[PDB]
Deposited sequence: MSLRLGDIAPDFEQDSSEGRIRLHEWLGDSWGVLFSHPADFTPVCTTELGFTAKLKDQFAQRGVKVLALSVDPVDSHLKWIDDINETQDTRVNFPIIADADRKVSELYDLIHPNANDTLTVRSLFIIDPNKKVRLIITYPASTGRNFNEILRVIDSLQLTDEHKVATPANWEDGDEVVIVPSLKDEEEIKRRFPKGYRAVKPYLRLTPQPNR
């Protein structure tokens, strides 16, 4: 029902780091909300492990990270021992306890979803993966870079774009003077609808 461009619903809820008021807690930065169906599940253990190891990577992009599970806070803190010990890491982000299902109803939640939330609290990507298959975390960082650049500049990122790669002038932008103004590096109209420009940063 929740979809891309909708506002990520606010909530107040207990976490392994205390009460989180989502919109306040995010403030200015981008957000990632990772859902886990249960505590003490194996793929999720490796996922959180890896999310902890990429803390520098998210902070450097001004991204704040939450995890969400129905199990209570005291359970999350036992699991954080498991994750720390087995994944050789330190969990350094909040795990929400949704023991009343307050957040789970709002985000329309065997599959596990991930929501990327922008500074205006808009949902910018929903990724749902089945229990069988852990996530690739390079892909969420890449997607965040693309999202940040395309909010600041009138570009889209092509297939197999990585931060720094050549981009595409967004098709809606047709005014020649505004293009000249926004892209001093210029562009190659390899087709009239395919205007390739250096990443303008």
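Where C-alpha coordinates are absent, the deposited sequence of this PDB chain has the segments 2, 111-119, 212.
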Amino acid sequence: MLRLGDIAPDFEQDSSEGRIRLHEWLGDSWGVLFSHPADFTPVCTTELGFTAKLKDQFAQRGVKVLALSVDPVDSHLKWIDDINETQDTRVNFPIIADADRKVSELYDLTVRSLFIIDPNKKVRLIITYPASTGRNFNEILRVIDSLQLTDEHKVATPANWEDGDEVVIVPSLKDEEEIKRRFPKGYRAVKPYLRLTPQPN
From here on, numbers count along this sequence of modelled residues.
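Comparing 171-179 with 151-159, the higher mean C-alpha B-factor in the PDB entry belongs to 171-179. When the modelled residues of the chain are ordered by their C-alpha B factor, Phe137 lands in the highest third. Sorting the modelled residues of the chain by their CA temperature factor places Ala99 in the highest third.
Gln199: CA B factor in the middle third of modelled residues in this chain (values from the PDB entry). Among all modelled residues in its chain, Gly49 ranks in the lowest third by Cα B-factor.
Ranked by Cα temperature factor within the chain, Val63 sits in the lowest third according to the deposited record.
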